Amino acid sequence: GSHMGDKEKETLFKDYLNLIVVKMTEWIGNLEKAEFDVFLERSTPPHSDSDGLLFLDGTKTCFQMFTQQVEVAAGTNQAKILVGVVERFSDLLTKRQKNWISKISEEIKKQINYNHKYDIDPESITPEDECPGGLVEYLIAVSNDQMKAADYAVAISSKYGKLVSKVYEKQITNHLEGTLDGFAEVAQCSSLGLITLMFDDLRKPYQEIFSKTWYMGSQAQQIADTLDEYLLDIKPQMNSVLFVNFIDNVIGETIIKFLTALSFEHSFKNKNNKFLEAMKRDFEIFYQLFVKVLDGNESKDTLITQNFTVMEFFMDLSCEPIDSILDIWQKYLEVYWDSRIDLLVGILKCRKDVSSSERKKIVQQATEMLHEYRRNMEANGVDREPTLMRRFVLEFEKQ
């Protein structure tokens, strides 16, 4: 080529980086559109990789395209151009995450509408409610892609980071690692949306828990069966690491949803331990369901225990003598340190052998044992991870 001055070479590098960068925002822009069309129309079902894991093309093209750009950028041997491309791609990924979360959230509001308005069919459904099928499988796809995407980011980082000076490697690393938490967030959005879908088919049975027909009903079994179907299909087509967090929230929702039924205030009828017996029955159905789903999984015992235990404290707080309620509550707190006082309030209100005034005194005390326990935890510098009960809520007016 011809001669070039340093000023003109720099200008060339700055103008080149810019053209590349602008093109990238355009590319991603178009991909997102095509990507959201597929996801929204679901006119076909997500593909499957060698390991049976579902996936979408969007994520795949996205990193194919970039792996192409980084090559050219690096071939340039100009760190500014390399980091510039890496930077742009990282900011575009983060924004992409923001958009997907928004899209995932709307499809689920849609579905949960295409359902309730299908509950009464076309008498109540306009072309606006029109919701294609296959969301479940798509939600799993989107979930698995986040994990893959997160791994691609890390690989790109360690690869291209070592090709530049320290100051520049640091930048590449922060840019790319800056996207990681966000992929997990998108995955959590889709994981939890799937759960919202699953439990939406269980509104009727859950609202009948503790009612007259529940003592000898089939509610828990209906729930187990509906969940069992989903999980049979889901477990195989989902990233193994995400499955643990997922099954943990499914088990956690099965119980939170169960205990919430304390809101109806049906008195516990325990003549001949029929309440207890009803509880042991339901407990066994759910217990067997997940012990089966978690077959072979190393987290099984932990997942079962951290979740099912509150069911046992619940049976006790509900049936044991009133004189032992607080000892049980203490032992309860030791496991669910982050628990509210709500569960006890609800339990006591269904207790035929506890008067209002007796409830107030028990709660006052119980509430005190709660703070005493946490306050005492700080003093001893005790740190523990959250439990299932951090989120159980049952609105009640202080007596």
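From 1 onward, residues are counted along the sequence shown.
- A summary of the deposited B-factors shows that, of 216-224 and 231-239, the stretch with the larger mean C-alpha value is 231-239.
- Between 109-117 and 243-251, the higher mean Cα B-factor belongs to 109-117.
- Of the residues listed, 170, 257, 266, 204, the entry assigns the biggest Cα temperature factor to 170.
- Ranked by C-alpha B-factor against the other modelled residues of its chain, residue 315 falls in the lowest third.
- In the deposited entry, the Cα temperature factor of residue 341 sits in the middle third of values across the chain's modelled residues.
- Ranked within its chain, residue 307 lands in the lowest third, by CA B factor from the PDB record.
- Residue 193: CA B factor in the lowest third of modelled residues in this chain (values from the PDB entry).
- Sort the modelled residues of the chain by CA B factor and residue 67 lands in the highest third.
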